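Take a look at the structure set out below.
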Amino acid sequence: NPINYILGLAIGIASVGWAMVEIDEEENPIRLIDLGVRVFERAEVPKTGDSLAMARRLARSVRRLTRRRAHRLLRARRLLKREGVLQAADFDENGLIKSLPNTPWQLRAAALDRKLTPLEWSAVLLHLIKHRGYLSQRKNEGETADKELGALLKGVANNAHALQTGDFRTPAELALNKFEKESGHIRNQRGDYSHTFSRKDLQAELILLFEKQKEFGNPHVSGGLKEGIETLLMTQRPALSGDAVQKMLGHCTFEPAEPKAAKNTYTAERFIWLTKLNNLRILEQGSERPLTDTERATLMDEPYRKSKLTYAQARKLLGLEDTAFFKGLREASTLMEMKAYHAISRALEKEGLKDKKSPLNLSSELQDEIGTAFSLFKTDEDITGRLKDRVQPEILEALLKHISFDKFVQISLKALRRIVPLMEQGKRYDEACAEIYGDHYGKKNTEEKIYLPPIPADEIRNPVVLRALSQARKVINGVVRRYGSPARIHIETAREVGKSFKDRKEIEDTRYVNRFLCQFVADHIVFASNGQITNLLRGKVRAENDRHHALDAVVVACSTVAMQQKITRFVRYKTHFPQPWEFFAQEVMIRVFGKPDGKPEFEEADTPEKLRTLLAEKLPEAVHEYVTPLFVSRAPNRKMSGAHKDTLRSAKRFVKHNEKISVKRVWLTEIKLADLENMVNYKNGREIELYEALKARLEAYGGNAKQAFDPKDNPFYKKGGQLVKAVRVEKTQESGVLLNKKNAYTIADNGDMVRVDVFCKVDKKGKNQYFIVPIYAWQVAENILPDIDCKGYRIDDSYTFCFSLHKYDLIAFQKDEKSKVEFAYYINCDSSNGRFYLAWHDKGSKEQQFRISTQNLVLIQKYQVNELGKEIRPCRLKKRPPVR
RNA sequence: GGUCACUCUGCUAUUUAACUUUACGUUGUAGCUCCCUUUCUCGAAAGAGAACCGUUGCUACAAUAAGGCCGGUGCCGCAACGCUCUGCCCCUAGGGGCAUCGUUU
DNA sequence: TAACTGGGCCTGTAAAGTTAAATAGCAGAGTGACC
DNA sequence: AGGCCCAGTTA
């Protein structure tokens, strides 16, 4: 099996591809061999550009929030029962309070003046616990500039200031006189923050109430009840706990199994100091010069004595005035800050055993330990658990009172302890590294294999580029595992593939430019091509990616020569760089498209034999049987995960009387004429005059609902004087998802179809009718297998099972009794008509390059297998797979 | 000497991953409230007055994935990656592919 | 009265913190490989 | 972009 490969691969954000070539003795390729292109599912939400895992993280966060709030209210009700406020006869079967009042603001205001019923008192407590305001929970240090206070902070601070004035005693009293004043309502509406309170003010109201209801003879003012309610109001789970920081740390440079040193460590701060000092060889007298040993020793230990050793103090300590020095800094801005030592010193001088002018002292190892503790942990529990019986209790209490460390450095404490004395002597960082670790300091151990392994867990930041590198490794290994190891493959990352979705939309080498790809390919196995000069080699060209990756591939296969040499020379500051060779300038255009030949309108060479024979008769001995008509390979998605749509709609009629409609309120600002036509009180004829008034108000502005119905400029009023901010509108709901089935009639649109199972049947008039059934994620969660085919009737035993498929799986095409074979790729399916969206070997821009097809009478639709760059086999399945 | 790349430090900008909360929004149920369909009752008429349902606004409460686990204030569940355990599909005992399998947990 | 077909509508959101990591720009120190 | 309905047309 003779083999030779310098093939060449070109990658992009939405596609990768490769084209093979036969090489000779030295750096010269003969005729090409084979090509194949894979496409991508861009790893980001298409329109927004958000990460796919970002929505998952937000869903997890809101799940946790909702669940913890529910359980906090449950604990509140259990405490209400225990402390004797309410008895078991006051709780229903679901644990809720019977006849619980719905006026907690008025009751919170009246509790300042009168006695409260146990029901009123329980309602007030539950209302204070459920709506508890915002907690600052940020670093207590600050300055005299707060410019970025947004809407939430502005509202909270304004309400707090209005509560600190001598007119309103409590937040509920202020809420009642803002309810009446201008808002008309109490809470926030339409994403506003004007009415939110600080949790400190709500805690103050809770304490003051408890005191007042102690004055007025409320029987339930127990200390246990007060402590429980205050704990339920104030307690929050910590943001960082345990190894949360440790699991997020990088790896030390030289020391293999050692964690990074904290930036606020003694050793690390002295290391930064010595780095600055020894690399400060910057004194310009017309020529630079280092600092002598006596100069360094004199200036070194001043940052401990004073607060900040700035450049002015440095000059005033030793130097002159004419050889200005102080390299490439062009005032004197602090030059160094011993922030860890100075911060510990001022914290201990605040309350502890310390004097202001006197210099403080502690074991350098203990300083290291406390820095590491405050960087790796934030809760007092974990910090004490790490520093108990390592430090004294009083100084530990002071440190927990006023110390907080955040950042880290790139090298461990062990390597730092080995390195910093060599810098104290005067040696440079690289000198110490070469002296200690023998100038190697990292062993690639280049286990060059034929197959390329994947990347590790902490691969890179960008998930789009992570997926790019993963599928690039896949496509490279697929060809290396069957065509031998390549000599000078190809490299090709587009300027847009690198990074910057937002800049990508602005455009419609500042990127993660192969820093993990170049290293990976160079170690575990090449030609570094440049997309700018990758269009160059003599040979637009149908920008729509039928084979748009193939040209980039064949030319990334040709970048190893003086072209790149004087390209680097032109990057340094050359006119001609042609490389015409092998007389395939138009043969490649013939092969990669299939039927291009400069004709631009001709039947595709969709057959192997036909393609080879026709190219043999086109512009002789360059024909190689190891080729097949090229078509793109789709990365398929078979994930069974997904979620239903977030919008909740009424479904009382849908389940009780089985009319296929949902009802949802629509704001008058986002309303349209069709919504008015689907008003609940209009289509049943309840409120015709209101409908006519709304229609007139909309038509007066020609459909501009944001301007016709605008608060504070054009409010709408019903007959009688009641405001209308939204109206219930009916929508057609053929299929849905029932939610909260125990306590309500609520539905949500299906969303996230995971797969489609297609059955085929005969016996109407000797013809084949196909029925297609959808399967969504919620059905997989509920473990059900549907039997209704999108418009069709039930699936009985008569219908024989034919197959099932997911997105991007290819199938076969009839389109009629007598037509062409038309292999295509699934994209979507229609829940109403059963239609299919499809795309063929053309890149398939979903906006315009779509194809629509209905499926009831197609006379042939078949499952297919479309593995690597071109390895298409026919797959057949006969056992209907279930869902769990 | 220039070009590129790499290690370390400082500052800046952007991006990514994890976690803690708040305020909304949506649906439902109550209560008060704006309209209003229908059906009745009292009326000899005029006129009143009730009731279900719909529904405007405000307040409260509930739900806010659907669902999996298992030796309670419990862990997961809209993502990515991979072939060590399984299935499917595929290709020649060997090898791939895709997962409903596993990992980040 | 049932399919086919082009058009077109609706889709969950903002704000406040604790962290870690990745890319790029500038300044400072060095290394190595090419031109 | 996914989901899928709407009004017209066609067999």
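Coordinate-derived values only; no laboratory data. Here the Cβ is made from the backbone with ideal geometry for all residues, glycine too, and neighbour counts use every protein chain on show.
Points worth noting:
- Our compactness index for the stretch A:108-160, the C-alpha radius of gyration over the empirical 2.2 N^0.38 Å, is 1.68.
- Sequence of A:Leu163, A:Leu630 once ranked by neighbouring C-beta atoms within 10 Å, starting from the fewest: A:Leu163, A:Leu630
- Most to least packed among A:718-731, A:858-871 [average Cβ atoms within 10 Å]: A:858-871, A:718-731
- A crude spin-label estimate for the pair A:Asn1 and A:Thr144, with each label 7 Å from Cα along the Cβ direction, gives 7.9 nm.
- Overall dimensions of the stretch A:259-314, expressed as equivalent-ellipsoid semi-axes from the Cα gyration tensor (√(5λ), whole Å, largest first), are 23, 14, 10.
- FRET efficiency estimate (nearest 0.05) - Cβ-Cβ, A:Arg237 to A:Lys444, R0 51 angstrom: 0.70
- Net +/- balance of residues flanking A:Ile772 in space, Cβ distance below 13 Å, scoring K and R +1, D and E -1: 0
- Ordering A:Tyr682, A:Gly721, A:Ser662 by Cα displacement along the dipole of the stretch A:661-732 toward the positive end leaves A:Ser662 in first place; charges were set at the Cβ atoms of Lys, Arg (+1) and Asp, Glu (-1).
- Across all Cα atoms of the stretch A:428-576, the radius of gyration (one decimal) and Dmax (whole number) stand at 18.1, 58 Å.
- Close amide H pairs (under 5 Å, H built 1.01 Å from N) link A:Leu35 with A:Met20, A:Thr628, residues at least 5 positions away or on another chain.
- Contact order relative to length of the stretch A:751-873, as percent, for alpha carbon pairs under 8 angstrom and 6 or more apart: 24
- Exposure proxy order (Cβ contacts within 10 Å, fewest to most) of A:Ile186, A:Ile450, A:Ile97: A:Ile450, A:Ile186, A:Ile97
- Alpha-carbon centroids, the stretch A:262-326 and the stretch A:818-884: separation in whole Å: 70
- For chain A, projected area of the alpha-carbon convex hull averaged over all directions, nm²: 55.3
- If you take the alpha carbon atoms of the stretch A:254-437 and fit the smallest convex hull around them, that volume is 134 Å³ per residue.
- For the stretch A:413-442, trypsin sites (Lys or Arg not before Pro) are listed when DSSP marks them as loop and at most 13 other Cβ atoms sit within 10 Å of their Cβ; the list is empty.
- With the simple model of a label 7 Å out from the Cα in the direction of the Cβ, A:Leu877 to A:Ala53 spans 2.8 nm.
- Footprinting exposure proxy for A:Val124, A:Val623 (fewest neighbouring C-beta atoms within 10 Å first): A:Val623, A:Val124
- Between A:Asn828 and A:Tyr837, the built amide H atoms are under 5 Å apart, and every one of these is 5 or more places off in sequence or on another chain.
- Mean Cα-pair separation over length for the stretch A:661-732, i.e. relative contact order, pairs under 8 Å, 6 or more apart, %: 51
- Rounded to whole Å, the principal axis extents of the Cα atoms in the stretch A:1-63 read 63, 24, 18, largest first.
- Whole-percent pair-distance distribution, where bins are 10 Å wide, for the alpha carbons of the stretch A:751-873: 12, 43, 34, 10, 0
- Normalised alpha carbon radius of gyration of the stretch A:142-242 [divisor 2.2 N^0.38 Å]: 1.30
- Put a dot 7 Å past the Cα of A:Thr323, heading toward its Cβ, do the same for A:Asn535, and the two dots end up 5.4 nm apart.
- Per-residue ellipticity at 222 nm, computed for chain A from helices alone with -39500 (n - 2.57) per DSSP H run of at least four residues, works out to -10500 deg cm²/dmol.
- With R₀ fixed at 41 Å, the C-beta to C-beta distance from A:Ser485 to A:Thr275 puts the FRET efficiency at about 0.40.
- Of the GluC sites (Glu not before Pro) found in the stretch A:364-461, those that fall in a DSSP loop while having at most 12 other beta-carbon atoms within 10 Å are A:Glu447, A:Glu448.
- Candidate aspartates and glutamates - alpha carbon under 14 Å from A:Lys449, same-chain residues fewer than 8 apart omitted: A:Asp523
- Residue-normalised convex hull volume from the C-alpha trace of the stretch A:661-732: 77 Å³ per residue.
- When peptides A:674-682, A:556-564, A:294-302 are sorted by average Cβ neighbour count within 10 Å, with the highest value leading, the order is A:556-564, A:674-682, A:294-302.
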